[PDB]
Amino acid sequence: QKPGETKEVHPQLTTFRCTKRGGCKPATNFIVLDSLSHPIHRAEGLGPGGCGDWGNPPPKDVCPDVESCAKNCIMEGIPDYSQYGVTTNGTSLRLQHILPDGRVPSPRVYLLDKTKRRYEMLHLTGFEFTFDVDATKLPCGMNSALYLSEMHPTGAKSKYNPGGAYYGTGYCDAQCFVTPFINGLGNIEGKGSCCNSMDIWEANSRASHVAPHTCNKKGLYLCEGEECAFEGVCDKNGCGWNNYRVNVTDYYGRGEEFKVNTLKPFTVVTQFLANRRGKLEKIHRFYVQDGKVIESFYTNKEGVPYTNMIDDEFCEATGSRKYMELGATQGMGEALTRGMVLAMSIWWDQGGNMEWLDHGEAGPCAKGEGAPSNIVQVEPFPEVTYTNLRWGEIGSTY
Ligand SMILES: *[C@@H]1O[C@H](CO)[C@@H](O)[C@H](O)[C@H]1NC(C)=O
């Protein structure tokens with residue numbers, strides 16, 4: 001959409017780059033909200049209205065084609081991110097799902113490089129990503145996410161999309177959702193926005209989930225028809241890793257009875273271990289809390305391969321069929337090697353109550369407990385803070 005007259009003022013965030021040799025050294029990065037989370041409105045004389053709702057093509061009256069859409073729909077800068085529940089303090093990024101005044105901004109943001117015109121492209125195959133988190137205000141049904149998508153580095157900046165990454169354009173993930181704009185261009189044909197994504201962290205105070213999601217395309221792929229569906233080009237389910245799902249129930253939770261105690265801050269390490277040919281083999285998640293390394297659990301379930309890391313053997317046996325079919329662990333790793341964008345978000349789920357994350361087979365949460373109507377009766381103001389985001393040499397971030 002066309003950038004408007006209001007200026008964009010991105011939050012600055014200090015992150016780190018790590019080596020065994022020099023340790024963690026500070027870096028400047030900026031934060032940007034999703035393009036379609038910016039105010040979008042019609043050009044002067046075209047009246048009231050936006051330019052389409054999530055899940056739809058843009059309106060045919062203002063967006064009969066890409067060129068018209070580029071002129072007729074205006075995207076405004078955000079001069080004050082705190083209005084969207086987004087703030088930074090030094091190395092800390094706070095995402096508020098609900099504001100005191102009742103607004104539910106449910107922010108999703110990306111990491112911009114220091115120039116503010118390209119996303120910071122992380123290449124994590126053979127490397128580790130680490131961050132500190134405070135999950136105390138995330139009850140059942142809430143999802144703090146920190147994850148990677150193979151978005152285009154300039155947000156596919158182009159003639160009709162001049163805003164680019166500076167305005168948060170170019171979002172995609174393994175779900176192939178239809179958005180009214182894709183790569184900053186009117187989605188006239190109503191395609192889905194598909195790409196490989198590595199869900200490093202989808203979690204609340206009750207459960208913690210890690211999942212690669214493969215697509216059989218490189219980059220952002222606009223899918224049509226069945227390509228967007230379950231047997232299509234992306235892995236909607238991902239290869240899910242969650243202690244509760246492998247019959248370990250005392251690893252992560254609210255209280256001293258859990259190895260990771262989500263009433264207190266902790267550190268989340270994710271290692272992307274590559275084989276002798278440089279291909280991704282295994283994904284290893286452990287934690288650190290009160291200065292103690294908390295090692296990954298091992299699986300403990302009849303019919304589930306014995307392992308303490310995600311790999312092809314586990315994924316296959318736990319029925320991650322499209323993950324294997326669409327390129328398996330090696331395929332995830334090719335994406336990561338090409339370069340990925342970091343996204344961080346806080347959301348909830350009106351349709352399904354985030355049950356896949358923390359209910360039944362996946363956690364201690366009751367039926368109904370994660371509905372949005374119940375969340376606000378448990379924690380009125382859900383929020384998460386990620387701090388000291390840092391990546392680099394295996395063994396160097398903690
Ligand atoms: C779950 O783990 C327990 C040990 O805590 C074991 O007794 C039980 O048989 C396991 N369940 C399955 C189905 O593997």
Side-chain angles (χ1 to χ4, degrees), residues 133 135-136 138-145 198-214 230 235-273 280-325 328-329 332 349 352-370 374 378 398:
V133 64
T136 54
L138 304 163
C140 288
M142 283 305 309
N143 189 331
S144 57
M198 170 61 209
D199 294 6
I200 287 165
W201 163 271
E202 300 191 83
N204 56 37
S205 67
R206 313 309 301 285
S208 181
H209 179 99
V210 184
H213 294 76
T214 49
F230 187 88
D235 174 27
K236 301 191 179 292
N237 292 356
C239 172
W241 180 249
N242 175 346
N243 62 271
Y244 281 102
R245 279 181 185 276
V246 296
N247 188 45
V248 181
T249 62
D250 56 351
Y251 189 74
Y252 179 98
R254 294 174 77 80
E256 269 183 12
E257 63 262 37
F258 291 100
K259 318 236 146 52
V260 193
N261 170 26
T262 62
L263 303 173
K264 309 209 289 167
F266 51 92
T267 297
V268 183
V269 184
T270 300
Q271 299 176 323
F272 296 97
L273 302 175
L280 188 61
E281 220 181 49
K282 291 165 180 338
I283 307 185
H284 180 215
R285 168 47 66 71
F286 59 99
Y287 301 86
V288 190
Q289 190 161 55
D290 307 319
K292 311 250 186 53
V293 178
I294 292 106
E295 69 276 355
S296 186
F297 55 96
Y298 280 84
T299 60
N300 187 34
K301 176 167 150 82
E302 306 202 332
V304 171
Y306 177 70
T307 179
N308 68 339
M309 301 176 188
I310 298 163
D311 61 28
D312 273 4
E313 193 187 340
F314 167 78
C315 289
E316 185 95 77
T318 60
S320 308
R321 182 183 36 102
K322 300 284 311 188
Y323 173 82
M324 290 313 287
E325 187 234 310
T329 298
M332 186 81 266
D349 174 25
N353 296 174
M354 220 73 67
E355 280 189 8
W356 62 264
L357 168 62
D358 56 26
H359 162 72
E361 45 324 317
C365 286
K367 189 58 142 176
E369 203 174 339
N374 196 62
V378 171
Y398 58 102

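Starting from 1, each residue takes its place in the sequence as its number. Just so you know, ligand 1 is whichever comes first in the structure, and atom 1 is the first atom listed for that ligand.
Enclosure of atom CD in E316 is not indicated, since only 12 or fewer non-hydrogen atoms of other residues, nucleotides or ligands lie within 6.0 angstrom. More than 12 heavy atoms of other residues, nucleotides or ligands shown are found within 6.0 angstrom of CD on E325.
Remark: the backbone N or O of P265 is paired with a side-chain donor or acceptor of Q289 at under 3.5 angstrom. In this structure, the side chain of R285 engages the main chain of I200 through a donor-acceptor pair within 3.5 Å.
Per-residue contacts place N247 under 4.0 angstrom from the following atoms of ligand 1 (heavy atoms of the residue considered): 1 (C), 2 (O), 3 (C), 8 (C), 10 (C), 11 (N), 12 (C), 14 (O). Against a heavy-atom cut-off of under 4.0 Å, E302 is close to the following atoms of ligand 1: 12 (C), 14 (O). In summary, the atoms of ligand 1 found under 4.0 Å from a heavy atom of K301, numbered by their order in the structure, are 14 (O).
With respect to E355 and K367, a salt bridge is recorded, a charged nitrogen being found less than 4.0 Å from a carboxylate O.
At least one protein heavy atom sits closer than 4.0 Å to atom 2 (O) of ligand 1. Within a 4.0 Å radius of atom 11 (N) of ligand 1, the protein contributes one or more non-hydrogen atoms.
Nearest-heavy-atom check against atom 4 (C) of ligand 1 across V304, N300, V246 picks out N300.
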